[PDB]
Structures are given as structure tokens and as C-alpha cells.
Amino acid sequence: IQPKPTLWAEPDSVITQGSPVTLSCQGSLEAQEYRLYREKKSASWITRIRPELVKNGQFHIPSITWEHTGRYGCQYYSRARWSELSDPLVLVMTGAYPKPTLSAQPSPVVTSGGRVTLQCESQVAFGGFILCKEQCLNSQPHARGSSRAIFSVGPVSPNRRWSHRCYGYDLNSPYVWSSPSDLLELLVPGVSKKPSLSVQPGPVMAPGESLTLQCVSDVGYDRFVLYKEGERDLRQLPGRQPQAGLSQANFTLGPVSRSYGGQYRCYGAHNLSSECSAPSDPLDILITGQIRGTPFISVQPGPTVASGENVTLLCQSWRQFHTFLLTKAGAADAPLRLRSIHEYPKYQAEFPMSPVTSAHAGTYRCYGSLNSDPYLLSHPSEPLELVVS
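Have a look at this one:
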């Protein structure tokens with residue numbers, strides 16, 4: 002019969018260094034002898050594999066190194082005939099270099115039908131990069153070597169998981185790759201039933217303090233995803249249903265710094281598919297003490313309030329502010345924001361309290377902000393407590 006043999010790797014043709022791999026040649030049942038060849042460059046010796054290692058067609062590699070990588074092809078002897087060369091197998095090793103960083107230009111979440119741009123970046127200089135989905145595709149083979157390469161994947165498929173992972177390799181050894189980049193998840197949102205976002209203690213945070221988020225949806229979405237407009241990577245956490253009929257997730261970000269301020273959006277999805285829920289109503293996170301100046305607050309007519317009275321707050325400042333903010337003590341919900349008013353020689357903003365209720369009582373603080381970056385607030389105002397009776 003003498004069919005063309007098949008050459009295949011177990012558990013995969015991509016193996017981290019040191020980890021074991023086993024190849025296998027598959028010919029006829031008349032298989033007497035097994036030849037197995039290597040190849041690493043279009044000019045190398047051939048590097049044929051010795052028969053002391055080809056045991057019943059299975060060439061076992063206990064500890065893979067950057068010697069074993071290359072193109073393999075097997076060929077067996079049967080009926081006084084050497085078989086044809088099997089389809090070549092490319093054995094590739096990973097984990098030799100530090101792992102690069104994969105990112106999505108410009109959006110890590112794209113609407114259904116658009117092709118997103120990806121890029122892997124690294125400090126060290128590599129010859130070329132590889133993008134594998136979890143079918144690998146590389147960049148053009150460069151000669152000098154860049155620090156980052158650009159890929160263009162698309163269009164999107166809502167039924168499949170658009171997970172990606174990036175490698176880097178040297179030009180003189182295109183079969184010896186770097187360590188695996190962090191698993192990047194792409195995402196395609198859509199209808200329906202956008203979840204609800206809530207924050208603790210409040211959307212206005214001070215440095216050093218940490219905040220914990222909560223994304224809730226009555227529909228039983230499996231995992232929840234949250235990201236920032238402008239931010240180029242995502243964060244995923246599988247959501248559970250501790251309550252009867254409501255899925256939730258406690259996104260606990262660490263100590264808050266300047267970089268954490270921004271507009272955050274959450275939306276859910278199911279595990280196996282990538283057809284995700286509609287984006288929830290956005291929640292803005294604001295950081296204090298990140299810009300100069302500190303305003304102080306006053307009242308009118310006084311901090312004693314009777315139910316059925318018109319009271320007005322106001323914050324003054326000497327430094328230029330474009331918008332002012334009013335935050336109530338826990339729990340703060342909106343919080344309020346009105347643009348400034350240049351009442352020489354100060355910048356003020358009246359926060360009216362048009363006819364009051366019993367809920368307008370509590371401790372109130374004020375913040376100043378600019379339009380250079382609206383998510384960065386000034387130092388807090390002196391706390392002004394208000395009582396009602």
C-alpha cells in the first residue's frame with residue numbers, strides 16, 4: 002500500500018523549555034524501519050535524528066532545548082521501498099526569553115464588525131513577533153529588529169472566544185520563541201440588559217484609600233468585564249450568584265493612585281460565548297489631591313434648616329477652577345458638579361438646595377476641578393456638617 006506517513010507531536014508542537022514532548026510517525030502496518038529528519042536553516046547539514054532514539058516511531062524528548070526545535074519529517078521502509087517524506091512538523095520551544103506585553107490599539111473592546119489593531123511591546127529587541135489565538145500568525149520577517157510590531161485582526165465573530173497570546177523570537181532562531189504574554193481577551197458587546205454599577209465607599213476617593221466595585225445584573229451572566237475609556241487592556245472576573253436571582257461581582261482594586269481616575273464601564277457575558285451584555289451606565293471615578301489649590305465652603309443663610317426653606321451652599325477658591333463638585337458623606341450617590349463663576353477675586357459656584365427635605369441633612373465637602381483632566385480633583389474642602397429640625 003505504502004501511504005504517505007503522518008508526523009505529529011504530543012502534547013503539542015509548542016512546548017516550554019525543559020518540559021517533555023514526544024513525536025510520532027504513523028505509516029503502514031508493514032512499518033519495518035523509521036527515518037526521522039530535522040531541519041533548522043535552509044543551509045544546515047540536515048541534522049538527521051539517530052536511530053538510537055527512534056523507538057517504534059516515537060521520538061521522545063524528555064528535556065527540550067533550543068537544539069531540538071526545527072522542521073521534522075519522517076519516512077519509513079516497507080516492501081523494499084522508502085516511503086515519501088511526511089508533511090513537515092515544526093517543533094517550537096517557548097519560555098526562553100522574558101515575556102512581552104500584548105495590548106489592543108486603540109480599543110480592547112470593539113463593536114461587532116470592526117477589525118481591531120493589536121501590538122506586542124517589549125524592552126528588549128526581538129526579530130519578529132507571533133500572535134497565537136486560543143493558528144499562529146507572525147509579523148513580516150524583519151532583519152534589524154523592532155521593539156514592537158503591529159497586527160490587524162478582524163472582523164469579529166460573536167460565537168467564538170477571541171483570546172490572544174503573543175510571543176517574540178530572534179531572527180537567527182525563528183523556532184525558539186519567548187515566554188507567553190499575558191492572555192489578552194477581546195470582547196464584542198451587544199444587547200441586552202445592561203448591568204448596574206455601584207461603588208464603595210463612593211465615586212470620590214483619596215490617595216492611599218482603596219475602593220471596591222460591584223456590578224449586578226438579574227440575568228444570569230457568567231463572567232463580568234470592566235474597563236476604562238482610554239485604557240487599552242481589560243480585567244475579567246467570573247461572576248457568581250450569592251443572591252437568589254441576581255449575579256454580582258466584587259471588583260477590588262488596590263490602593264488608589266492618579267492612574268485609577270477615569271470613566272469605568274461594566275458589562276457581563278457567558279463563559280463559552282463572546283456575545284456580551286450591553287454596556288452599563290457609566291460610573292466616573294474621581295481622584296482628590298491631584299491638582300493644586302484647595303477651596304473652602306460656606307452656607308447661606310445658616311447651617312440651621314427648617315423643612316420648607318431655601319438654603320444655598322457655595323464653594324470659593326483663589327486658584328482657577330473650571331468646575332466645582334459637591335460630595336455628601338457616605339453614602340455619596342451622584343455626586344454634584346457645577347461650573348465655576350468668576351466672582352472677583354474668587355472662583356465660586358452656588359449649590360442650591362431648592363425647597364429642602366429631611367434628607368438634605370449631613371456632612372458635605374467640596375472639591376475643585378479643571379477641564380485639562382476632569383477626573384482629577386483638588387484637595388478637599390473643610391468638612392461642613394449640616395443639621396435639620
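Sequence positions in the sequence shown follow PDB author numbering and run 2 to 82, 84 to 136, 143 to 397.
Backbone N, C-alpha and C define an ideal beta-carbon position, used for all residues, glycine too.
Leaving out five residues before and five after residue i in sequence, what residues of the same chain have Cβ atoms less than 6 Å from its Cβ?
i: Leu104; result: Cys122, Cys174, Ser189, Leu192
i: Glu358; result: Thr320, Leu322
i: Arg36; result: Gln76
i: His278; result: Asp230
i: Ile62; result: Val22, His69
i: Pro209; result: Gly338
i: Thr17; result: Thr96, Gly97
i: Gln249; result: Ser255
i: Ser200; result: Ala286
i: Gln27; result: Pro6, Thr7
i: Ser64; result: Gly19
i: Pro90; result: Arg72, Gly74
What is the residue span of the beta strand (DSSP E) that residue i lies within?
i: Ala127; result: 118 to 128
i: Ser281; result: Segment: none, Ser281 is in no beta strand (DSSP E) and carries neither H nor E.
i: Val227; result: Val227 -> no beta strand (DSSP E), and no H or E assigned at all.
i: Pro263; result: 258 to 263
i: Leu378; result: Neither: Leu378 is in no beta strand (DSSP E) and is coded neither H nor E.
i: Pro163; result: Where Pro163 is concerned, there is no enclosing beta strand (DSSP E), given that its DSSP letter is neither H nor E.
i: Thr365; result: Counting along the chain, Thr365 falls outside any beta strand (DSSP E), and DSSP gives it neither H nor E.
i: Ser206; result: 204 to 208
i: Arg36; result: 34 to 38
i: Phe332; result: 331 to 336
i: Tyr383; result: First-last for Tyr383: undefined, no H or E at that position.
i: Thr103; result: 103 to 107
i: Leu8; result: 7 to 11
i: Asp178; result: 171 to 178
i: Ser181; result: 181 to 185
i: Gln244; result: 243 to 246
Taking its Cβ as the centre, do 16 or more other Cβ atoms sit within 10 Å of residue i, making it buried, or is it exposed?
i: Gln33; result: exposed
i: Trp326; result: exposed
i: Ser218; result: exposed
i: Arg373; result: buried
i: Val111; result: buried
i: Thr96; result: buried
i: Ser147; result: buried
i: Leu133; result: buried
i: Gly115; result: exposed
i: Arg51; result: exposed
i: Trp170; result: buried
i: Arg266; result: exposed
i: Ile158; result: exposed
i: residue 140; result: This structure gives no coordinates for residue 140. The numbering of the chain moves from 136 immediately to 143.
Quick one: what's residue i bridged to in DSSP?
i: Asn318; result: None, per the DSSP bridge assignment.
i: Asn146; result: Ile132
i: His61; result: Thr23
i: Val395; result: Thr312
i: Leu93; result: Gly71
i: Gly270; result: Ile293
i: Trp46; result: BP columns for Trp46 are empty, so no partner.
i: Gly276; result: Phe232
i: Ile2; result: Paired residue(s): none; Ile2 is not in a bridge.
i: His350; result: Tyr355
i: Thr17; result: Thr96
i: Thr220; result: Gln208, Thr260
i: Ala157; result: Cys122
Between the Cα of residue i and the Cα atoms of the options, which residue gives the shortest distance?
i: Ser315; options: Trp185, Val364, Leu195; result: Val364
i: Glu351; options: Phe259, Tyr272, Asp230, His330; result: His330
i: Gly216; options: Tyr268, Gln251, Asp241, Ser255; result: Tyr268
i: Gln143; options: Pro203, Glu68, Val92, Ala367; result: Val92
i: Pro211; options: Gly370, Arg49, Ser366, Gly338; result: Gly338
i: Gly129; options: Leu145, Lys135, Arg156, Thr119; result: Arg156
i: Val396; options: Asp89, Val313, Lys41; result: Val313
i: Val233; options: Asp241, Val227, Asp226; result: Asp241
i: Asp289; options: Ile295, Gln271, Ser281, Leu280; result: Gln271
i: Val126; options: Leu145, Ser206, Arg152; result: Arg152
i: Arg117; options: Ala81, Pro166, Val15; result: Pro166
i: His172; options: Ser181, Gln59, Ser160; result: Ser160
i: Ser45; options: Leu54, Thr66, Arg72, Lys56; result: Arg72
i: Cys223; options: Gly238, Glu237, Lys202, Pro182; result: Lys202
i: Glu11; options: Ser85, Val94, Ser88; result: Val94
i: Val55; options: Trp84, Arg273, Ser25; result: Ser25
i: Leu87; options: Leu205, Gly276, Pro4; result: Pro4
So, for residue i: in the same chain, excluding its five sequence neighbours on each side, which residues have a beta-carbon less than 7 Å away from its beta-carbon?
i: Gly297; result: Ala214, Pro215, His387
i: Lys101; result: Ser186, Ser187, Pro188, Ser189
i: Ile2; result: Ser29
Excluding the five sequence neighbours on either side, which residues of its own chain have a C-beta within less than 8 Å of the C-beta of residue i, listed in chain order?
i: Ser389; result: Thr302, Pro303, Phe304, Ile305, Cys323, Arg373, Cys374, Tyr375
i: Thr371; result: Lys336, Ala337, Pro391, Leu392, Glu393, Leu394
i: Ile47; result: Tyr38, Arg39, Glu40
i: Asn318; result: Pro360, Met361, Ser362, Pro363, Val364
i: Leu261; result: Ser218, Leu219, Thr220, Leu221, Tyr268
Kindly say whether residue i, judged by its beta-carbon, lies nearer than 9 Å to any beta-carbon of chain D.
i: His368; result: Protein chains in the displayed structure number just one, and chain D is not present.
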